[PDB]
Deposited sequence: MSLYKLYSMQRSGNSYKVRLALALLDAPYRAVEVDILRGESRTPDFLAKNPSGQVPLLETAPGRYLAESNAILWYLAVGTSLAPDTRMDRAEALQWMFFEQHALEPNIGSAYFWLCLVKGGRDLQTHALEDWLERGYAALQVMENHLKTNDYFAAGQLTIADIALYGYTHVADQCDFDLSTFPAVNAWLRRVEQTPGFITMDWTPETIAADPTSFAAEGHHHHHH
């Protein structure tokens, strides 16, 4: 369309972006990138993103945006997934930055750190239905990405009922797609 998204199916960060696109009903051309093989290591891919990371959003002819949270912000500007005021927007960024150091993956520290992140999320959701601005934003979608993978990959979340009720809210949003959905 314009948007070409370089994406990997079973990647939390890539799913975030596909989920936002679906909730936005934004048309895009999708390009599957096989890491756990070689495809994000190639010179041609490194020509687009030096860090060799997926997802990657081609925003202009040969102009690319990396970092899923940044891509989410980009795609949400002026839409229903960005809140209205400067403070509410910052509040969404706050939870997105949190997700980026607290949930995004020395294996103990990450599992322990994620569990404590889960408690922080739980505590907030006790009194709030959504992470920021009292509505669904890109902050809920960012956080959904990996909390979902945990959910969908056997992790015991039974002690986090507020998180579980929030996950259901997201899934019940019109346009929601699961991580193994394809067009």
Numbered from 1 along the deposited sequence, what ranges are absent from the coordinates?
1, 107 to 127, 206 to 225
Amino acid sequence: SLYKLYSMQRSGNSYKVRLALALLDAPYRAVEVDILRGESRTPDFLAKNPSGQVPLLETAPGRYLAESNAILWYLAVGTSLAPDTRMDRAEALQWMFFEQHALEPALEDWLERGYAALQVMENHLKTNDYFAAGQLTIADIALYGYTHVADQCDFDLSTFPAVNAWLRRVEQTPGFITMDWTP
From here on, numbers count along this sequence of modelled residues.
Of 135 to 143 and 28 to 36, the one with larger mean CA B-factor
28 to 36
Entry-level comparison of average CA B-factors, 126 to 134 and 39 to 47, reporting the higher stretch
39 to 47
Say you rank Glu91, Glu108, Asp84, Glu99 by Cα B-factor from the PDB entry; which sits at the top?
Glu108
Place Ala60 in the lowest, middle or highest third of its chain's C-alpha B-factors, as listed in the PDB entry.
highest
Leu118 - Cα temperature factor, lowest/middle/highest third of chain:
middle
Quick tally, chain-level thirds of C-alpha B-factors: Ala70 sits in the lowest
